[PDB]
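What follows is a set of notes on a single structure, which appears directly below.
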Amino acid sequence: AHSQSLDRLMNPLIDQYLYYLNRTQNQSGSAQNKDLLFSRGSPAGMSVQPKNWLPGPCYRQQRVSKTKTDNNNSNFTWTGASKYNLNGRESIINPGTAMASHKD
Amino acid sequence: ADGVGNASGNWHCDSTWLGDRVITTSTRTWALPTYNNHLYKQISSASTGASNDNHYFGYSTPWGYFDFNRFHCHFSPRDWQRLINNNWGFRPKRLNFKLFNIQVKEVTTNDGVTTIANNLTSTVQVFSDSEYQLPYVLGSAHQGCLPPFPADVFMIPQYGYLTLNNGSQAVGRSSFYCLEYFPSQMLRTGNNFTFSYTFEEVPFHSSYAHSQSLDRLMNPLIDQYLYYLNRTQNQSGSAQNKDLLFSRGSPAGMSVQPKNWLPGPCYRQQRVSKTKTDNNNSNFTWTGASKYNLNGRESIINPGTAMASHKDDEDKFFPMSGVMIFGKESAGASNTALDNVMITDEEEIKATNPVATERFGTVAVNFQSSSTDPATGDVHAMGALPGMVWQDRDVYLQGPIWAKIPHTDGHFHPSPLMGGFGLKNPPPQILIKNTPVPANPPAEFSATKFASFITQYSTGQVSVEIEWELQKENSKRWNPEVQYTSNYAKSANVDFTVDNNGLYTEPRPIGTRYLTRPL
Amino acid sequence: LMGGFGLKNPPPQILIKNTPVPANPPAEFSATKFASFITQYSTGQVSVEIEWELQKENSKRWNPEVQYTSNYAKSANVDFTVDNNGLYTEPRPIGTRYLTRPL
């Protein structure tokens, strides 16, 4: 497994030299006025910080809980399935694109 | 090995143009503080009030590191001009790195009097991570690279890294690295350090624009032999009747004419005007952003897919997260005004590449029939299709050179999105640290770790030599090219110069794309 | 026009500088250029050696030439010497044109 994640590859101690658009309206005190304000990538901002890479491809699938009571009451295995259409004939995509089974 | 009184290296800043090669050499003088009082520290987003998207876990290190990964570390503005006006491409070939003329200095403070003196017997430790065994922090576009201007003295940045995090906590799979657990050379004031590196084979960066566009590749004088469906109802005079009418591709119809190729991939971004009054009144930078979702944690896509910044005569618009933005020397760190930043313009690639702020195109979303009208929908994000061609993002004199390609099962076109050369085995990280020098220990043994050290720092010179390979321009074009030029008119300052206070500034970004090539 | 030898490729400019020596940097990184340095200066010796070619005087002139000479009479100081405070002075310009040649 990777001991790092794509979005965390930066040095946590150092600012970037690249700027991003931080705010389209200034705060002031009175009212919100249109503005263009720019910040450079910092460690506090890792989510807005420019990066070189993208996560892999995605074909979304329906989420189902191992606890019965959480799931919708219906049989959705076919009707809610991720499927491909080949020669007018449907086939469930399975296991499909390699993707993480769940988040943290 | 040299003594106290002998210099261990000479100053070399030069650029040599020979044939298809140019060799850049740059020497800078550096200063290395002690970081973290010689300690490794767990660092985290804990108790920062961070949003879920901003959480991190990692370590700060006592070590510093050298970063030469930007183009102005190597090319002067004039040299950059020679490159971009005369060449269709270029790539890095080999690398040479040297540290020399080391001075370690101890700092003593009594009352408000700081005294600095040579410590001749102290060392610094240096190693390159050649096997890529450390988290690779280069290629995130951090500041702390060699200064553009050779007379500037720069401070060495502190090395740190991140590992897997769940919120502000760690996971048993998170890695900790001690840099003292590598071998490293120890240098007193007479010692020097060197190593060399060879770049792997990479494509030439394309420094040129296409003189054609994908949809204009046909002969304007000649019809095709292919037919397309022109009309589904005939005009007649009385009323519109269902019909099937076919025309062959002609010069009047270039838009409906069958073609072999598709424009490159597209991930649409929000359009924002450089004139405040045009934009919506709201703060949409986060809520309207193009973002990716990784482990329940959002990250803005930026600069993202290489796309044209604007279409014809829309130059006032730019992609919100989709362009490289450099700060001027007058820019603050946060919420600085537009006049303090320099927004790059990717316009040259609109020949093959979608405009960043527009849809890729339209798709049929249904089955039409006599009962139901044909419906279409906009494609705002389009992945790779067979037949797509595209240009990569341009590089810039103050932009980055390389990035490390992540080590993964799969890649698609692993060109770094901020621009430059994707490398499986990039130039290695070069790590440097002042060796701890204990203060006077107590007269009876204690097993407790020393917290008490002589304050010191180090300084020296660093040289980087890069050989670049050039791709010459073969064009048969009759008329003159567009060239990068300085303005001939008078002004108060000269571009890319110091001012009367000694401050070197860079007036604007300079891309590589001037010369042209047929498509 | 001020006199001397016009040279396409003259003796080159020789440039010298004290290498900057930063003072103690802060404990946290800053990307700002160092403004703080240890004050220092340098001193040494310099030698210049020039070989000159001479053109000898071939004259058949019978009578004595005009010569540059120092005055033989007594005076308080000697020309081209230091004074009692150690100050070296040059009393006058000395040109090169004394010997003669036919035209």
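Protein chains in written order, with the deposited numbering: chain A, 426 to 529; chain G, 218 to 736; chain W, 634 to 736.
Even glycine gets a Cβ: it sits at the ideal position worked out from N, Cα and C.
Among the options, nearest to residue i - alpha-carbon criterion
i, options, result
"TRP234(G)", "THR242(G), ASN227(G), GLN342(G)", "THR242(G)"
"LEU462(A)", "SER490(G), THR714(G), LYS707(G), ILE319(G)", "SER490(G)"
"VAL473(A)", "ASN519(G), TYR398(G), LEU431(G)", "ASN519(G)"
"residue 535(A)", "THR729(G), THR522(G), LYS693(G)", "Residue 535(A) lies beyond the residue range present for chain A, which begins at 426 and ends at 529; the question has no answer from this structure."
"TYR349(G)", "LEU640(G), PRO735(G), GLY719(G), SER703(G)", "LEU640(G)"
"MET524(G)", "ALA506(G), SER516(G), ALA573(G), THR492(G)", "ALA573(G)"
"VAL343(G)", "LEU249(G), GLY361(G), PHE584(G)", "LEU249(G)"
"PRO645(W)", "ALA668(W), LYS666(W), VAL681(W), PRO726(W)", "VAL681(W)"
"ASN458(G)", "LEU720(G), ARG448(G), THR593(G), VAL370(G)", "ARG448(G)"
"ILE727(G)", "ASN717(G), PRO571(G), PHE314(G), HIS289(G)", "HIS289(G)"
"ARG295(G)", "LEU736(G), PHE713(G), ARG725(G)", "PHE713(G)"
"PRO468(G)", "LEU404(G), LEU312(G), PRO631(G), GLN441(G)", "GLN441(G)"
"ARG405(G)", "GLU723(G), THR729(G), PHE399(G), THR652(G)", "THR652(G)"
"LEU431(A)", "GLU515(G), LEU337(G), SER225(G)", "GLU515(G)"
"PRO536(G)", "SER551(G), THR561(G), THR553(G), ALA550(G)", "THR561(G)"
"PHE366(G)", "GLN688(G), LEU720(G), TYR674(G)", "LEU720(G)"
CB contact check: residue i to chain G, cutoff 8 angstroms
i, result
"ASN512(A)", "no"
"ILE649(W)", "no"
"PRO645(W)", "no"
"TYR509(A)", "no"
"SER455(A)", "no"
"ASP460(A)", "yes"
"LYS666(W)", "yes"
"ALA706(W)", "no"
Chain-ordered chain A contacts of residue i [CB-CB under 8 angstroms]
i, result
"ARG433(G)", "In chain order: nothing, as chain A lies at least about 30 angstroms away."
"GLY728(G)", "Going along chain A, no residue has its Cβ under 8 angstroms from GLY728(G), so there is no contact; the nearest lies around 15 angstroms."
is_contact[residue i, chain W] using C-beta, thresh 8 angstroms
i, result
"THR722(G)", "no"
"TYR674(G)", "yes"
"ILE439(G)", "no"
"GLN700(G)", "no"
"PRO364(G)", "yes"
"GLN360(G)", "yes"
"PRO294(G)", "no"
"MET372(G)", "yes"
"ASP369(G)", "yes"
"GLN386(G)", "no"
Interface residues of chain G facing residue i [CB-CB closer than 7 angstroms]
i, result
"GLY521(A)", "None at all; the shortest Cβ gap to chain G is about 15 angstroms."
Below-8 angstroms beta-carbon distance, residue i vs any chain A residue
i, result
"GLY594(G)", "no"
"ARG390(G)", "yes"
"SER669(G)", "no"
"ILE517(G)", "yes"
"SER467(G)", "no"
"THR494(G)", "yes"
"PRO571(G)", "no"
"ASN383(G)", "yes"
"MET599(G)", "no"
Chain W residues whose Cβ lies nearer than 7 angstroms to that of residue i
i, result
"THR406(G)", "Within chain W, no residue comes near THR406(G); the closest Cβ sits about 13 angstroms away, beyond 7 angstroms."
Exposure label - residue i; buried when at least 16 CB within 10 Å
i, result
"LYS322(G)", "buried"
"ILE622(G)", "buried"
"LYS650(G)", "buried"
"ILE301(G)", "buried"
"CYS395(G)", "exposed"
"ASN691(G)", "exposed"
"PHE584(G)", "exposed"
"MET635(W)", "exposed"
"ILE517(A)", "exposed"
"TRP695(W)", "exposed"
"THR569(G)", "buried"
Per-residue contacts from residue i into chain A (C-beta, under 7 angstroms)
i, result
"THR380(G)", "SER428, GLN429"
Within chain G, the residues that residue i reaches when beta carbons sit closer than 9 angstroms
i, result
"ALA660(W)", "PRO250, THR251, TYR252, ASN253, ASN254"
"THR449(A)", "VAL489, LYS493, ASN496, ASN497, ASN498, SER499, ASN500, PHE501, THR502, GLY505, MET537"
Neighbour list for residue i in chain G, Cβ cutoff strictly below 8 angstroms
i, result
"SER464(A)", "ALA550, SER551, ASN552, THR553"
Test: residue i CB closer than 8 angstroms to a CB of chain B
i, result
"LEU396(G)", "Checking the listed chains, one finds no chain B in this structure; the protein chains it contains are A, G and W."
Name, going along the chain, the residues of the region 236-269 of chain G whose beta-carbon falls closer than 9 angstroms to a beta-carbon of chain W.
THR246, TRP247, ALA248, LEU249, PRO250, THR251, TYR252, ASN253, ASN254
Mind listing which residues of the region 603-621 of chain G have their C-beta closer than 7 angstroms to chain A's C-betas, in chain order?
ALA620
Just by C-beta distance, which residues in the region 469-487 of chain A are closer than 9 angstroms to chain G?
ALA469, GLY470, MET471, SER472, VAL473, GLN474, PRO475, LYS476, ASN477, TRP478, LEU479, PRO480, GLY481, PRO482, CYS483
Residues of the region 267-290 of chain G with a CB closer than 7 angstroms to any CB of chain W: list them in chain order, please.
Listed by position along the chain: nothing, the set is empty.
Closer than 9 angstroms, Cβ to any Cβ of chain W: which residues of the region 532-543 of chain G, in chain order?
none
According to a CB-to-CB cut-off of less than 9 angstroms, which residues of the region 312-337 of chain G neighbour chain W?
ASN318, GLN320, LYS322, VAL324, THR331, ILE333
Given a limit of 7 angstroms on CB to CB distance, which residues of the region 338-356 of chain G reach chain A?
So the list reads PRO352, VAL354, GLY356, given in the order they occur along the chain.
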